[PDB]
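Descriptive analysis of the structure
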Amino acid sequence: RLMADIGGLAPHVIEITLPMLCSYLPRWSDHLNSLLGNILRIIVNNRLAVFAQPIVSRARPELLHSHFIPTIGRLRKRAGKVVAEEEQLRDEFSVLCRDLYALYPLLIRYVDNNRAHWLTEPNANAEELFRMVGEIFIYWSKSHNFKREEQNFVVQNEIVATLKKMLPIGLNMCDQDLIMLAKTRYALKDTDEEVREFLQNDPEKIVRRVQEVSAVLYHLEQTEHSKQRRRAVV
Amino acid sequence: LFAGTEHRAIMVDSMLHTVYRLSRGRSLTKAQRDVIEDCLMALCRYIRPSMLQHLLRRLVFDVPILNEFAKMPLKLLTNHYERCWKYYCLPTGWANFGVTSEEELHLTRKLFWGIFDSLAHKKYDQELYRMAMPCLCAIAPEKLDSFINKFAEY
Amino acid sequence: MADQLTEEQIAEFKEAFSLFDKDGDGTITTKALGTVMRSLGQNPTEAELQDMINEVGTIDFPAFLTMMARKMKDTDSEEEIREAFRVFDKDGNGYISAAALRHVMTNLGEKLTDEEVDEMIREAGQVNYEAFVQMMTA
Amino acid sequence: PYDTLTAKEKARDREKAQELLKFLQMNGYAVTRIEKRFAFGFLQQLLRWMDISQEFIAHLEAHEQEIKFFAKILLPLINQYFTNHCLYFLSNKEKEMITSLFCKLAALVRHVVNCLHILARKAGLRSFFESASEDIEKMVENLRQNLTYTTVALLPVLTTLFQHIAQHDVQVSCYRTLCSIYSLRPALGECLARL
Amino acid sequence: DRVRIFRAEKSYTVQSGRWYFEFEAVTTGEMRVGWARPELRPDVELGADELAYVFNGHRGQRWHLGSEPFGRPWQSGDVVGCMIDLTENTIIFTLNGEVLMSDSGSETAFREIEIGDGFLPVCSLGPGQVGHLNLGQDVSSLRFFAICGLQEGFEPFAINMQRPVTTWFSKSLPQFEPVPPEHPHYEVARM
């Protein structure tokens, strides 16, 4: 039917298929899951209106979740390449990064809309994928130079979607001395968990993620922070 | 500070009678009437809506005619409606002040009678319509002689 | 004061007062003063004219100029404020840009300080075009 | 004036006058010639304004005070009303009057862009709705001052689709329009399909 | 008769930290769940005074010095969570692991609430309403503590108590009590 044509269509074609997706959503299942998978594949292959009206939510896509994890990795790689180009030595790299993040935040919001179902599950490799996605988002957020263009792009497109997505994954990301170790690492700028005796007085990756979370917490704390001459000047 | 005059509501009602009468003085200057109108608006802003009804009785007679200088009273009425729309309309009203009775309801009915009157009272005028649209928008035998003698006797 | 209010209109005022006074001694009646004011072009109401005469039959040229200055001082205050809104920059509407404020302040002519600019901004980061200007105007 | 004055203003004197009539009855010779009601009559005045708007549209199809506030204040007045009383109409004689007014509103517009929202939110009303559906089908066929009217209708089409979604002779016209949309701004088509 | 308000003992008042309990709404009805000040008058309908902060699940409303339409209506057999962080000065309400949202969508049920003398669990049972209240005496007894609160650092109320927590209910039977010196309506003078 229309779902088969949409799957075989993988830009007037996308716009036409969007009305078909809307028709399928109001009419309604297995067809809904197939449509969600096709939409995820199309988004991976490829414009905020495309992510607009995301009525269909995939409860158990599994494969689409893995693709979004690869999609999150690809977005992280693009953002890191843009950041490295900007930090090499001009504003064109920042403009391109902002333009890319204009569409990437739509995918991030789409993932976070249904991330509650994944958050219901206590432990999985999706937790590691969410940790990596949060690390990428924190790398973008802590870069105030990139933020100078990201905020402008967000205002033009029309309190951060990436920050909100990272916050919802905070429960999935998670002794208490790891926080102190993370603070020490932030004070010392040590990427690796070199100080294992401090914890003694797998887990190393958890300590590195805790250091990243401490940096994100520091960024969040920074974010949280005459009549006589009137006639003359007039 | 005038608001909260429930303890001596008589004073609030009296000043309300005097200020509106003084605003329409025959011998006046522009600034002299302007400051009086500003004083009346400021006093009416911070007042209990139920207690304003005594002066609103004359205000709802004066508004429909709109003969002279109706723009400032129209703006004051628009401000009062914007202040107490949910109080006068919704059954719950506002928390602190007690719910107004049907007196204010029929006063608003007379205000809508004035809305009828002023809807097509005058011809086109740019300033008139421009400054009067917010109020409309924010409005929401011998034997008989013997009987007479009997009445006198009664 | 009087010189700073109006300069070019003094010739018209003198001619009107000289024409009004038939005797030429420099004394003009209150009705004659009102007629001269109407001939000038102001056409003010007699209600304010009587108050101005009382505050200032025996009205002389200096008293007449004092009354005219008192009458004409009020309109310039209303006229002055309007131009300041668009004087800051070409983009008068939504003039919240820091460049417009810098152009207005660094070249004000009164040597307004940057700290004074910040105080004006916070007088009452986005500030409406008229919100801060009204507070400054007072 | 007393007539201007309310019954409460009349107070005892009005009662005394009533008493006088009672006294006349005792004599045996006598002379003989609303808050919720206000709320209902206020929608009655809405229906009267709908009739006045229909008359004004008919006249404009062929300056004065009537035309003046029809052009200037009537749309903002009804707009501020229906903004304050959006669900008040919905929660009936008032509902039927509002439906008739909305049905006649499309014809009156046909004869601003913000008036599309006002248009968004009983034999004559049913006939007007059927005629509006037929006109929508005719405009859809024509697509497959005309451009501005078509765009305004497409926006009103989206508003009607949103109203139908909120709800969950015109059926045949709706099916024909859906078939035309399928054969032939994709958000409007998506909204029509959802409706 | 009157609403039978339940609350814990005054000695169990908590003035710092983040604590949580789960209440089972077995039967739907006029029921409210939350915290309250230690000094609570049994006569006042819950939430009319400034003493308590709760959520009415029957009407999907939250009550503190009045009523607010925040929250979604619950169903029979639903677990209502109680979030509060005196360190963070913030209070949230949870329903079967779902964080409630207000009209603006804010997760917090109540904000800018002073610590004051302290807070203690409180719950009202209306006529015909029956529920099962768990104060977290056993960590594993809480159904939805692992889903929400466990990762947020919140702790069960009776985490370390070795004996059941005593609660104070209001006896509808009237008993004579001395006149308050500052009674709002009636005053007495010894002549």
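Residues numbered from 1 in each chain as written, not as in the entry; some residues may be left out. Chains lettered and ligands numbered in written order. Part of a larger assembly, values for the part shown. Heavy atoms only, no water. Residues with missing side-chain atoms left out of burial classes, pairs and counts.

As deposited, the entry is annotated with cryo-EM as its determination method and 3.84 Å as its resolution.

Going by the annotation in the PDB entry, the name recorded for chain D is Ryanodine receptor 1, with Oryctolagus cuniculus given as the source organism.

Chain B has the name Ryanodine receptor 1 in the PDB entry, where Oryctolagus cuniculus is given as its organism.

Brief notes about the overall build of chain D
This is how it is decided: Runs of H or I in DSSP of at least four residues are treated as helices and runs of E of at least two as strands, each being numbered from the N terminus. Taken over C-alpha atoms, the radius of gyration is set against a globule rule of 2.2 Å times the number of residues to the power 0.38.
Within chain D, the regular secondary structure consists of twelve helices and zero strands. When the elements of chain D are put in sequence order from the N terminus, they spell out α-α-α-α-α-α-α-α-α-α-α-α. Rg of the C-alpha trace for chain D: 24 Å, well past the compact-globule value of 16 Å for 195 residues, more than 25% over. Along the first, second and third principal axes, the C-alpha atoms of chain D reach 85 × 40 × 25 Å.

Here we look at the overall build of chain B
Counting secondary structure elements, chain B contains seven helices and zero strands. Overall, chain B shows an N-to-C arrangement of helices and strands of α-α-α-α-α-α-α. Projecting the C-alpha coordinates of chain B onto the three principal axes gives extents of approximately 60 × 45 × 35 Å.

Considering the pattern of salt bridges
This is how it is decided: Put simply, a salt bridge is a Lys or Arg side-chain nitrogen that is within 4 Å of an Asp or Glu carboxyl oxygen.
In this structure, the salt-bridge partner of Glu24 of chain E is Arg143 of chain E, at a minimum N-O distance of 3.8 Å. Of this pair, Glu24 of chain E sits in strand 3 (residues 22-25) while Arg143 of chain E sits in the loop between strand 13 (132-134) and strand 14 (155-156), placing them 119 residues apart in sequence.

Side note on the packing of helix 6 (residues 91-120) of chain A against helix 8 (residues 144-157) of chain A
All names here are of chain A. For the record, the criterion: Orientation is described by lines fitted to C-alpha atoms, with helices fitted over the stretch in contact, and by angles between N-to-C directions that extend from 0 to 180 degrees. Throughout, the term roughly parallel applies to angles under 35 degrees, roughly antiparallel to angles over 145, roughly perpendicular to angles from 65 to 115, and oblique to all others. If you view the pair so one helix is near and one far, a crossing is left-handed when the near helix is turned anticlockwise from the far one by less than a right angle, and right-handed when it is turned clockwise. The criterion used for residue contact is that any of the two residues' heavy atoms lie within 4.5 Å. Three residue categories are used. Nonpolar comprises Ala, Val, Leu, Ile, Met, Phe, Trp, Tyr, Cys and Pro, charged comprises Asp, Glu, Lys and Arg, and polar comprises the others, including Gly.
Put simply, helix 6 and helix 8 touch, their axes get as near as 9 Å, and they point 45° apart. Classified by the angle their axes make, helix 6 and helix 8 are oblique. Crossing of helix 6 against helix 8: the hand is right-handed. Contacts between helix 6 and helix 8 involve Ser94, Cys97, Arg98 and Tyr101 from the former and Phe146, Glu149, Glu150 and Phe153 from the latter. Its residues assigned to classes, the contact of helix 6 with helix 8 shows four nonpolar, one polar and three charged.

A short note on the arrangement of the chains
Among the five pairs of chains in contact, the pair with the most contacts is chains B and D. Here chain B and chain E are not in contact; the least distance found between their C-alpha atoms is 9 Å.

Re the sheet that holds strand 5 (residues 52-56) of chain E
Residue and element names in this part refer to chain E. To be explicit about the condition: At least two DSSP bridges between two strands are needed for those strands to be called paired.
An order of 7-6-5-4-12-1-15 is seen for the seven strands of this open sheet, with the pairing classed as antiparallel. Either end of the sheet is taken by a strand with one partner, and the two such strands are strand 7 (67-68) and strand 15 (167-169). Here strand 1 (residues 4-8) runs beside strand 15; their pairing, made up of three bridges, is antiparallel. Looking across to strand 15, one finds that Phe6 is bridged to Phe169.

What to know about the interface of chain D and chain B
The partner chain B presents 20 residues to the 20 residues of chain D that form the contact. Broken down by secondary-structure element, the contributors of at least two residues to the side of chain D that touches chain B are helix 2 (12-27), helix 3 (35-61), helix 4 (65-72) and helix 5 (74-84) of chain D. Per-element accounting of the side of chain D that touches chain B gives the leading share, five residues, to helix 5 of chain D. A breakdown of the residues in the side of chain D that touches chain B according to their chemical character gives nine nonpolar, nine polar and two charged.

Structural notes on the packing of aromatic side chains
All names here are of chain E. For clarity, the threshold we go by: Aromatic rings from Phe, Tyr and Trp, taking only the six-membered ring of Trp, are treated as a pair when their centres fall within 6.5 Å; an angle between ring planes under 30 degrees marks them as stacked, one over 60 as edge-to-face, and anything in between as tilted.
Ring centres of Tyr20 and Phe145 lie 5.6 Å apart, and the angle between their planes is 20°; this geometry places the pair in the stacked category. Taken together, the positions of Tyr20 in strand 2 (residues 18-20) and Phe145 in the loop between strand 13 and strand 14 put the pair 125 residues apart, joining distant regions of the chain. Relative to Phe93, the ring of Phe55 has its centre 6.3 Å away and its plane inclined at 50°; by these criteria the two rings are tilted. Taken together, the positions of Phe55 in strand 5 and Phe93 in strand 9 (residues 90-95) put the pair 38 residues apart, joining distant regions of the chain.

Observations concerning unusual backbone geometry
The backbone phi angle of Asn43 of chain C is positive, close to 55°, even though this residue is not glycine. Inspection of the secondary structure puts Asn43 of chain C in the loop between helix 3 (30-40) and helix 4 (46-55). Although it is not a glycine, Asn96 of chain E sits at a positive phi angle of roughly 55°. Mapped onto the secondary structure, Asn96 of chain E falls in the loop between strand 9 and strand 10 (98-99).

A closer look at the pairing of strand 8 (residues 78-85) of chain E
Residue and element names in this part refer to chain E. One ladder, built from two bridges, connects strand 2 with strand 8; its direction is antiparallel. Of the residues in strand 8, the one forming a bridge with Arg18 is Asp85. Where strand 3 and strand 8 come together, four bridges link them in antiparallel fashion. Bridge assignment links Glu24 to a residue of strand 8, and that residue is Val79. Relative to strand 9, strand 8 is paired through six bridges, and the arrangement is antiparallel. Bridging from a neighbouring strand, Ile84 pairs with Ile91 of strand 9.

Details of the packing of helix 3 (residues 53-65) of chain B against helix 5 (residues 102-119) of chain B
Residues and elements named next belong to chain B. At their nearest, the axes of helix 3 and helix 5 sit 8 Å apart, and the two run at 10° to each other. For the element pair helix 3 / helix 5, the angle class is roughly parallel. Classified by chirality, the crossing of helix 5 by helix 3 is left-handed. Here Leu56, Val60 and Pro64 of helix 3 lie close against helix 5, whose contacting residues are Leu107, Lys110, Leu111, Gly114, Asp117 and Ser118. Looking at the contact of helix 3 with helix 5, its residues break down into five nonpolar, two polar and two charged.

Section: the environment of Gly81 of chain E
Residue and element names in this part refer to chain E. With respect to the helices and strands, the residue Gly81 is situated in strand 8. Note: C-alpha distance between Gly81 and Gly34 (47 residues apart in sequence) is 9.1 Å. Leaving out residues up to four positions away in the same chain, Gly81 has contacts with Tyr20, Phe21, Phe93, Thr94 and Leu95.

A closer look at helix 3 of chain B
Residue and element names in this part refer to chain B. This is how it is decided: Multiplying 1.5 Å by the residue count of a helix minus one yields the expected span of that helix. Two axes enter the bend calculation: one fitted to the seven residues ending at the residue in question, the other to the seven starting there, and the bend is the angle between them.
Taking 1.5 Å per residue, 13 residues should reach 18 Å; helix 3 reaches 19 Å between its end C-alpha atoms and fits that length. Along its length, helix 3 reaches its greatest deviation from straightness, about 30°, at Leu59. A positive backbone phi angle near 55° is found at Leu66, which sits one or two residues after helix 3.

Side note on the pairing of strand 4 (residues 31-36) of chain E
Residue and element names in this part refer to chain E. With six bridges joining them, strand 4 and strand 12 (residues 120-125) adopt antiparallel strand pairing. Counterpart to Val33 in the pairing with strand 12 is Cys123. Inspection of the sheet shows strand 4 paired to strand 5 by five bridges, in the antiparallel sense. Bridge pairing links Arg32 to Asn56 in strand 5.

Re the environment of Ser23 of chain B
Residue and element names in this part refer to chain B. In plain terms, the rule: Polar contacts here mean pairs of N or O atoms no more than 3.5 Å apart (in protein, one a potential hydrogen donor and the other a potential acceptor; neighbouring residues in sequence count only if both atoms are side-chain atoms).
Among the structural elements, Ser23 can be located in helix 1 (residues 9-23). As a C-alpha pair, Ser23 and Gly4 span 19 residues in sequence and 24 Å in three-dimensional space. Setting aside residues up to four positions removed in sequence, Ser23 forms contacts with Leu28, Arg33 and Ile36. Within the structure, the side chain of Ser23 is placed 2.6 Å from the backbone oxygen of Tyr20, a separation counted as a polar contact.

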